[PDB]
Amino acid sequence: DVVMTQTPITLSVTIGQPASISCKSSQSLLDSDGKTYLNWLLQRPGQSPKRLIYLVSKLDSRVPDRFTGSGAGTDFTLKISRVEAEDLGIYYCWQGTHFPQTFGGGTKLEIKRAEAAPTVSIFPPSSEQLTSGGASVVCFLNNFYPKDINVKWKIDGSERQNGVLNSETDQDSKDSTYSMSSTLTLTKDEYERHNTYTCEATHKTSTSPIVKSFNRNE
Amino acid sequence: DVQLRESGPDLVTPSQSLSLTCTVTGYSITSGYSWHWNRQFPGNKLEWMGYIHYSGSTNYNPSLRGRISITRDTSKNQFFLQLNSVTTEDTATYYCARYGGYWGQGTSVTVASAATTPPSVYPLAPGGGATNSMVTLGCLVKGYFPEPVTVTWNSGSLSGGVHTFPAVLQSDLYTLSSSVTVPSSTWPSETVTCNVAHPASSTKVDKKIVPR
Ligand SMILES: Nc1ccc(S(=O)(=O)Nc2nccs2)cc1
Ligand SMILES: [Ca+2]
């Protein structure tokens, strides 16, 4: 297969600013018929791929002219003159000159917005769950930016590395924030041996960890 | 006005065959173009699998042995994927497609020997207090298989301040959570309920979130 390598791999851009993405092929994309079968596609979160550009620089008629493609041979570029909210997603290049057609691995465009502090909530395991022999402590960290966040759990003052599962949402279309859930799962008997459970978030919106906690005694 | 629509199973067992259907409308598959199956793996990478040409000939990616075939029913204007001997590596979103920028909505396929299993639904209610004008409640949905589950809150009348998180694997089954944020003036004085639907097991669970 013809390798298609995209750069950069992720990109954060402010609405109204330009962006550029590069695609490099392991060999020339010129077909013997003289055309160069290189396309660019966008996939918005939870949707299908959409075609932006075909034959290197032709604009799909459903797509606005803020998108332009250039290049030749093995080197190709997509440019966005001016980024809009709707341009959030993953961009892919594609070649259909050589068999089998190949796609590049994708470039993720995120919308840069103002820093936003997470709203952090902590929840004790339900009694229902405890009857299964298991216990899950749940921590929500909602509507924050930038995405990078470190969440640490403590039990009676000590960091608990294992038993933690995290899930992140994709960037929100209305306010451009991210949210995350972190879950500490223990056995009921382990859960019932300790008093203080804490979720601590490190995030650039505070100079200390953002902390929520509860005590099993109540 | 070309549209493409994939359909077929959510879940296939390892070693079995996967069969999907693409129903094409607004254009006849015998009148031109090649008609393709592609797939997207977790991690977002895309592979072309094969096509059926309008003449009826077929071409397949070398990477899929002879374990892929594509056929068609020109009377119903449908073409079909069959992938045999499937493995965990074939777990993916499958898209039918045509040149000119036309893709189906995609259909997700998991390949596992794990059994369909209905969810437990646990309520998330806060410990012993804070002042603030908004409160966050949630639901924990645990130990179901396969994807998807739907979560709504009070039958959907609460949609505004909701976050439902992508499911994660946990002991070979899925666990997700959802949170909802409402005015403290309304809870606990009014009921908030999470409604959970797991279609694979034909289950709906309502869980009321009760204080303490
Ligand atoms: N299999 C497949 C691969 C890419 C595409 S396209 O949406 O980029 N549209 C195209 N138009 C021309 C060539 S590709 C469609 C189907
Ligand atoms: Ca060729």
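Residues are listed down the side, and each one gets a yes or a no for (1) farther than 18 Å from B:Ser108 by Cα; (2) surrounded by fewer than 17 Cβ atoms within 10 Å (Cβ to Cβ):
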{"site": "B:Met49", "(1), (2)": "no, no"}
{"site": "B:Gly56", "(1), (2)": "yes, yes"}
{"site": "B:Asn59", "(1), (2)": "yes, yes"}
{"site": "B:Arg65", "(1), (2)": "yes, yes"}
{"site": "B:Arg72", "(1), (2)": "yes, no"}
{"site": "B:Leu81", "(1), (2)": "no, no"}
{"site": "B:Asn84", "(1), (2)": "no, yes"}
{"site": "B:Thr87", "(1), (2)": "no, yes"}
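Looking only at residues that are part of a loop (DSSP other than H, G, I, E, B) and within 13 Å of another protein chain (Cβ to nearest Cβ) in segment A:48-70, which one is surrounded by the fewest Cβ atoms within 10 Å (Cβ to Cβ)? Spell out how you get there, then give the answer.
Within segment A:48-70, the first condition is being part of a loop (DSSP other than H, G, I, E, B), and the residues that meet it are A:48, A:55-57, A:60-66.
Among the residues that remain, those that are also within 13 Å of another protein chain (Cβ to nearest Cβ) are: A:48, A:55, A:60-63.
Numbers: A:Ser48: 17, A:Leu55: 12, A:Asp60: 17, A:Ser61: 7, A:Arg62: 9, A:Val63: 15.
Residue satisfying both the conditions and the ranking: A:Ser61.
Give just the number: which of (1) at the interface with chain A (Cβ under 9 Å from one of its Cβ atoms); (2) in contact (Cβ under 8 Å) with a residue 24 or more places away in the chain does B:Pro183 not satisfy?
Looking at each condition in turn, B:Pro183 falls short on (1).
Exactly one of (1) out of contact with any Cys (no Cβ under 7 Å at 6 or more places or on another chain); (2) over 20 Å from B:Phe41 (Cα atoms) is unmet by B:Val168. Its number?
B:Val168 satisfies every listed condition except (2).
How many residues, within segment B:20-40, are under 19 Å from B:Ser57 (Cα atoms) and either part of a loop (DSSP other than H, G, I, E, B) or under 20 Å from the mean Cα position of the chain (by Cα) (or both)?
Total satisfying the criteria: 13.
Got a sec? Which of A:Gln95, A:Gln129, A:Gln171 is touching an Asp or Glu at 6+ places or on another chain (Cβ under 7 Å) and surrounded by 20 or more Cβ atoms within 10 Å (Cβ to Cβ)?
Only one candidate qualifies: A:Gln171.
Got a number for residues in segment A:29-47 being assigned to a loop (DSSP other than H, G, I, E, B), crowded, with 18+ Cβ neighbours inside 10 Å and away from ligand 2 (no atom under 13 Å from the Cβ)?
Qualifying residue count for the region: 0.
Could you check how many residues of segment A:45-71 are within 13 Å of ligand 1 (Cβ to nearest atom) and more than 21 Å from B:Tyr99 (Cβ to Cβ)?
Residues that pass the stated criteria total 0.
Given the structure, is B:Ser171 within 13 Å of another protein chain (Cβ to nearest Cβ) and either closer than 20 Å to A:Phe140 by Cα or under 19 Å from the mean Cα position of the chain (by Cα) (or both)?
No; evaluated as a whole, the condition is false for this residue.
Would you please name the residue that is nearest to ligand 2 (Cβ to nearest atom), looking only at residues in segment A:90-100 that are part of a strand (DSSP E or B) and either more than 10 Å from chain B (Cβ to nearest Cβ) or of a type in the set (D, E, K, R) (or both)?
Quick first cut of segment A:90-100, residues part of a strand (DSSP E or B) only: A:90-95.
Retained after the next criterion (residues that are either more than 10 Å from chain B (Cβ to nearest Cβ) or of a type in the set (D, E, K, R) (or both)): A:91, A:93, A:95.
Working: A:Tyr91: 24, A:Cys93: 17, A:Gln95: 10 Å.
Looking at the filtered set, the residue picked out is A:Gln95.
Is segment B:27-38 home to any residue that is within 14 Å of chain A (Cβ to nearest Cβ), touching a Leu at 6+ places or on another chain (Cβ under 7 Å) and within 22 Å of A:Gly105 (Cβ to Cβ)?
yes
Given the options B:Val135, B:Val162, B:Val121, name the one that is more than 24 Å from A:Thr177 (Cβ to Cβ), more than 19 Å from the chain's Cα centre (by Cα), assigned by CATH to the domain that holds B:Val210 and of a type in the set (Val, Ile, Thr). Even if it seems obvious, please write down each step before you answer.
Numbers: B:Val135 fails: more than 24 Å from A:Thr177 (Cβ to Cβ); B:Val162 fails: more than 24 Å from A:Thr177 (Cβ to Cβ).
Of B:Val135, B:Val162, B:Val121, the one residue that is more than 24 Å from A:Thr177 (Cβ to Cβ), more than 19 Å from the chain's Cα centre (by Cα), assigned by CATH to the domain that holds B:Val210 and of a type in the set (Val, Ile, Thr) is B:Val121.
Where in segment A:118-200 are there strands (runs of 3 or more DSSP E), lying wholly inside it, with at least 2 residues that are small (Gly, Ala, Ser) and under 28 Å from A:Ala85 (Cβ atoms)?
Working: elements: A:119-123, A:134-144, A:150-155, A:158-160, A:164-168, A:178-187.
It comes to A:178-187.
With respect to B:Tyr95, determine if the residue is crowded, with 16+ Cβ neighbours inside 10 Å, within 16 Å of ligand 2 (Cβ to nearest atom), under 18 Å from B:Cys22 (Cα atoms) and in the same structural domain as B:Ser15 (by CATH).
no
Condition first: of a type outside the set (S, T, N, Q) and over 13 Å from the mean Cα position of the chain (by Cα). Now tell me which residues in segment B:80-94 satisfy that.
B:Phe80, B:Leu81, B:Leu83, B:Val86, B:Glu89, B:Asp90
Pairs needed: first member in segment A:24-35, within 14 Å of chain B (Cβ to nearest Cβ); second member anywhere, more than 10 Å from ligand 2 (Cβ to nearest atom); C-beta distance under 8 Å; at least 6 residues apart or different chains.
A:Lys35/A:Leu55
For segment B:152-168, which residues satisfy the criterion of being closer than 15 Å to B:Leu124 by Cα, part of a strand (DSSP E or B) and at the interface with chain A (Cβ under 9 Å from one of its Cβ atoms)?
Hits for segment B:152-168 are B:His163, B:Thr164.
So for segment A:101-116 (the condition being part of a strand (DSSP E or B), in contact with a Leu (Cβ under 8 Å, 6 or more places away or on another chain) and of a type in the set (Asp, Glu)), does at least one residue qualify?
From segment A:101-116, those part of a strand (DSSP E or B) are A:102-103, A:107-112, A:116; that's our starting set.
When the remaining residues are screened for being in contact with a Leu (Cβ under 8 Å, 6 or more places away or on another chain), the result is A:103, A:107-111.
This time we only want the ones that are of a type in the set (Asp, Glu), so: A:110.
Scanning segment A:101-116, I find at least one residue that is part of a strand (DSSP E or B), in contact with a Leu (Cβ under 8 Å, 6 or more places away or on another chain) and of a type in the set (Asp, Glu), so the answer is yes.
Checking B:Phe165 against (1) under 19 Å from B:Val210 (Cα atoms); (2) without any contact (Cβ under 8 Å) to a residue 60 or more places away in the chain; (3) crowded, with 16+ Cβ neighbours inside 10 Å; (4) hydrophobic (A, V, I, L, M, F, W, C), only one condition comes out false. Which one?
With respect to (1) under 19 Å from B:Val210 (Cα atoms); (2) without any contact (Cβ under 8 Å) to a residue 60 or more places away in the chain; (3) crowded, with 16+ Cβ neighbours inside 10 Å; (4) hydrophobic (A, V, I, L, M, F, W, C), B:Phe165 is out only on (1).
If you scan segment A:72-89, which residues turn out to be more than 16 Å from ligand 1 (Cβ to nearest atom) and either of a type outside the set (D, E, K, R) or within 14 Å of chain B (Cβ to nearest Cβ) (or both)?
Of everything in segment A:72-89, those that are more than 16 Å from ligand 1 (Cβ to nearest atom) and either of a type outside the set (D, E, K, R) or within 14 Å of chain B (Cβ to nearest Cβ) (or both) turn out to be A:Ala72, A:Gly73, A:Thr74, A:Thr77, A:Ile80, A:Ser81, A:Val83, A:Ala85, A:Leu88.
All of this is worked out from the model, or read from it or from the source named; none is laboratory data. We place every Cβ from the backbone using ideal geometry, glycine too, and count neighbours over all the protein chains shown.
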